Chemist: 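Sharing a structure, written as structure tokens. Questions coming.
Proteins get letters first, then strands, A, B, ... in listed order; numbering begins at 1 in each.
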Amino acid sequence: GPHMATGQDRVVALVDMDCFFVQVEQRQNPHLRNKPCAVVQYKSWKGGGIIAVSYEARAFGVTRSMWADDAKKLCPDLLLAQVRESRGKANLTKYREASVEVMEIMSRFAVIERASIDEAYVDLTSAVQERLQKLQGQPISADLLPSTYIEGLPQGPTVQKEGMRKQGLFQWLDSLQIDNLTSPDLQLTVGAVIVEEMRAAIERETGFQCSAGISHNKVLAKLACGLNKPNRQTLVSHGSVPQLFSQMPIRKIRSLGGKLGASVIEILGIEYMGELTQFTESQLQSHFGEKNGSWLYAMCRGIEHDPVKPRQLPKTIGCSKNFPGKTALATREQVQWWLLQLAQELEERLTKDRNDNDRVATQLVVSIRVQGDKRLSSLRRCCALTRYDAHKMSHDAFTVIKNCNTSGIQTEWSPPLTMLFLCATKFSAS
DNA sequence: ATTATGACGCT
DNA sequence: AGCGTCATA
Ligand SMILES: [Mg+2]
Ligand SMILES: [Mg+2]
């Protein structure tokens with residue numbers, strides 16, 4: 001009763017830029033705005049691979065991972081923007097720099113954890129306390145929440161989308177004002193006010209739109225974010241969790257979209273997150289291990305404690321290129337040349353990093369894949385990284401991998417290499 | 001022949 | 001340390 005913790009101590013948001021690489025290209029090229037548009041890398045093989053898709057194009061069935069030639073079959077008028085190529089490979093610098101624009105704006109409001117190139121968790125707990133003070137018990141007006149959905153409302157005893165949104169928001173705010181909700185619900189609401197402000201500042205100062213989730217932890221905030229896209233934000237309250245989870249496929253929850261989630265479904269014979277509540281913590285630990293079991297037991301109740309880490313910068317800076325099909329690297333100098341290409345981009349990004357962020361990478365990570373091997377990495381070896389010099393890094397990389405070559409002939413490379421990867425890690429303050 | 005990333009867990 | 005998992009544009 002009085003001692004059951006409810007995972008309602010924090011306010012956490014997850015902000016995710018809508019179709020981010022597409023918005024970066026649309027800001028640069030006004031001709032692409034408000035059109036079915038996608039971003040593609042390379043062009044020769046089947047028109048290139050799509051890596052981002054505008055919501056106008058999604059309506060035609062265009063998706064990420066699709067070949068541009070195939071996307072054009074679904075959407076003949078699809079417009080395309082190409083990822084820059086430098087030194088023979090895709091170069092994502094424009095999007096990394098746009099990401100920094102957005103992350104720096106978010107950081108004015110609160111501590112953020114960079115979760116990917118286009119999304120960040122926000123810990124709003126302190127900001128909410130301060131805003132609550134500034135307020136002096138004044139009601140929160142719907143006008144402060146013009147793009148917010150309250151998940152699960154309206155309910156109980158209009159056929160337009162925006163009308164539905166406001167109906168639910170009014171029920172929520174009516175109940176908050178009447179004192180029929182909880183202090184955590186008030187805290188979430190103020191959290192949502194702050195995220196409207198954050199999202200307005202991002203759009204004003206960059207041109208970019210985003211969606212966001214506001215809840216009591218990272219997992220719920222991420223889930224919330226996806227419920228109403230694009231350009232909207234969603235509040236998932238603790239109380240909304242039983243109904244939300246009762247029909248929520250397990251694979252939709254962050255970290256359960258893969259093999260673990262599949263085993264939860266198979267071993268337990270269930271489909272929805274809410275069905276997990278019927279098992280004891282020990283039962284879940286017996287199937288999924290101590291850590292995952294405890295996590296599952298709390299998560300299916302809407303409770304999770306993973307903190308928003310104070311980390312706005314990436315921990316690693318990496319450079320990779322696949323060499324698929326017949327392009328697999330088969331000669332020694334081929335391997336050396338591409339190692340150099342990679343090492344040159346890496347040096348460029350590392351020198352920029354050292355200047356911007358007052359740190360130095362100390363470990364060089366070399367990874368390769370060989371043909372018809374594994375998936376992903378076949379092999380991964382570390383060596384020291386003492387100097388930001390591309391020729392040295394490339395020579396060093398060759399050294400740690402050169403004995404992978406099973407060839408008799410040292411000029412030839414067998415089995416052919418289908419992937420090269422250089423990654424700088426173990427940063428120290430400098 | 002999605003590609004190019006990036007974080008974290010296991011042993 | 002090296003490998004595997006899960007995720008994002
Ligand atoms: Mg996303
Ligand atoms: Mg994202």
Chemist: Between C1' on B/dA4 and CD on A/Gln41, what's the gap in Å once rounded to a whole number?
Modeler: 6 Å
Chemist: B/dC8 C1' sits how many Å from A/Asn292 CG, rounded?
Modeler: 12 Å
Chemist: What nucleic acid atoms does A/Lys426 come within less than 4.0 Å of, heavy atoms only: base, sugar-phosphate, or nothing?
Modeler: nothing
Chemist: Using a 4.0 Å heavy-atom cut-off across all strands, classify A/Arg64 as base, sugar-phosphate, or nothing.
Modeler: base
Chemist: Provide, to the nearest angstrom, the distance between the CD atom belonging to A/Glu25 and the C1' atom belonging to C/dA9.
Modeler: 12 Å
Chemist: Could you please name the option among B/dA1, B/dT3, C/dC3 that lies closest to any side-chain atom of A/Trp45?
Modeler: B/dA1
Chemist: Using whole Å, what does the distance between atom P of nucleotide C/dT8 and atom CG of A/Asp16 come to?
Modeler: 8 Å
Chemist: Closer than 4.0 Å, any side-chain N/O of A/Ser116 to the OP1 or OP2 of B/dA7?
Modeler: no
Chemist: Side chain of A/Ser65, heavy atoms from C-beta onward: which of B/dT2, C/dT8, C/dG2 has the nearest atom to it?
Modeler: B/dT2
Chemist: Remember a base hit wins even if backbone is also touched, and classify A/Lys46 as base, sugar-phosphate or nothing at under 4.0 Å, heavy atoms.
Modeler: nothing
Chemist: Output yes when at least one side-chain N/O atom of A/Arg369 is less than 4.0 Å from OP1 or OP2 of B/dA1, else no.
Modeler: no
Chemist: With distance as the sole criterion, is a donor-acceptor pair present between the side chains of A/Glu119 and A/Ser116 under 3.5 Å?
Modeler: yes
Chemist: Please pick, from B/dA1, C/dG2, B/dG6, the nucleotide with the shortest atom-to-atom distance to any side-chain atom of A/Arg349.
Modeler: B/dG6
Chemist: Mind calculating the distance between CE (A/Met299) and P (C/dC6) to the nearest angstrom?
Modeler: 17 Å
Chemist: Measure CZ/A/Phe421 against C1'/B/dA7 and give the value in whole Å, please.
Modeler: 11 Å
Chemist: Just call it for A/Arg251: base, sugar-phosphate, or nothing, with non-hydrogen atoms closer than 4.0 Å on any strand.
Modeler: nothing
Chemist: Please determine, for the side chain of A/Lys321, which listed nucleotide (B/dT3, C/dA9, B/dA4) has the closest atom?
Modeler: B/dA4
Chemist: A/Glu113 has a side chain; which of B/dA4, B/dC8, B/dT5 sits nearest to it?
Modeler: B/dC8
Chemist: Report the distance from atom CD1 of A/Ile51 to atom P of C/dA7, rounded to the nearest whole Å.
Modeler: 19 Å
Chemist: Is it true that A/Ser407 and A/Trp413 share a donor-acceptor pair across their side chains at a distance under 3.5 Å?
Modeler: no
Chemist: Figure out the NZ/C1' separation between A/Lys315 and B/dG9, and round it to whole Å.
Modeler: 12 Å
Chemist: Check the phosphate of C/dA7 against A/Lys252, side-chain N and O only, distance under 4.0 Å to OP1 or OP2. Yes or no?
Modeler: no
Chemist: Please indicate whether A/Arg387 has more than 12 foreign heavy atoms, meaning atoms of other residues, nucleotides or ligands, lying under 6.0 Å from its CZ.
Modeler: no
Chemist: Side chain of A/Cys382: nearest nucleotide among C/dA1, C/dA7, B/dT5?
Modeler: C/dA1
Chemist: Heavy atom of residues 255-272 of chain A under 4.0 Å from DNA chain C: which residues?
Modeler: A/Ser255, A/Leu256, A/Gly257, A/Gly258, A/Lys259, A/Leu260
Chemist: Return the nearest nucleotide to the side chain of A/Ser320; candidates are B/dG9, C/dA9, B/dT5.
Modeler: B/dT5
Chemist: Look at the side chain of A/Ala90 and decide which nucleotide, out of B/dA4, C/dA9, B/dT5, has an atom nearest to it.
Modeler: B/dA4
Chemist: Quick one, A/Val241 and A/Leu220 - any side-chain contact, counting heavy atoms below 4.5 Å?
Modeler: yes
Chemist: From C-beta outward on A/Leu92, which listed nucleotide comes closest to its side chain: B/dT2, C/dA9, B/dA4?
Modeler: B/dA4
Chemist: Please verify the inter-ring angle class for A/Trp67 with A/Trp45; under 30° counts as parallel, over 60° as perpendicular, anything in between as tilted.
Modeler: perpendicular
Chemist: Would you kindly indicate whether the side chain of A/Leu376 approaches major-groove or minor-groove atoms to under 5.0 Å?
Modeler: major
Chemist: Check A/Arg87 with A/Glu345, please: is the shortest side-chain N to carboxylate O separation under 4.0 Å?
Modeler: no
Chemist: Nearest-nucleotide wise, let me know which of A/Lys326 and A/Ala115 is further upstream toward the 5' end of DNA chain B.
Modeler: A/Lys326
Chemist: Given B/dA4, is OP1 or OP2 found less than 4.0 Å from the side-chain N or O atoms of A/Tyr42?
Modeler: yes
Chemist: Going by centres under 5.5 angstrom and planes under 30 degrees, do the aromatic ring of A/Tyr95 and the base ring of C/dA9 stack?
Modeler: no
Chemist: By the 4.0 Å heavy-atom rule, please label A/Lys309 as base, sugar-phosphate, or nothing.
Modeler: sugar-phosphate
Chemist: Which one, B/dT3, B/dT5, C/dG2, comes nearest to the side chain of A/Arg380?
Modeler: C/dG2
Chemist: Quantified in whole Å, what is the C1' atom distance between nucleotide B/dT2 and nucleotide C/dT8?
Modeler: 13 Å
Chemist: Just to confirm, is there a sub-4.0 Å distance from OP1 or OP2 of C/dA7 to any side-chain nitrogen or oxygen of A/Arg114?
Modeler: no
Chemist: For A/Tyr95 and A/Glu25, does a side-chain donor sit closer than 3.5 Å to a side-chain acceptor?
Modeler: yes
Chemist: Across the strands shown, which category fits A/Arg96 at heavy-atom distances under 4.0 angstrom: base, sugar-phosphate, nothing?
Modeler: sugar-phosphate
Chemist: Does A/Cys423 reach a base, just sugar-phosphate, or nothing at all? Heavy atoms under 4.0 Å.
Modeler: nothing
Chemist: Knowing that exactly one of A/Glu196, A/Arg165, A/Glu162 qualifies, which makes a side chain to side chain donor-acceptor pair (under 3.5 Å) with A/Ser147?
Modeler: A/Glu196
Chemist: A/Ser367 and A/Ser377: side-chain donor and acceptor closer than 3.5 Å?
Modeler: yes
Chemist: If we count only N and O atoms by modelled type, under 3.5 Å, do the side chains of A/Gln28 and A/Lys94 hold a donor and an acceptor together?
Modeler: yes
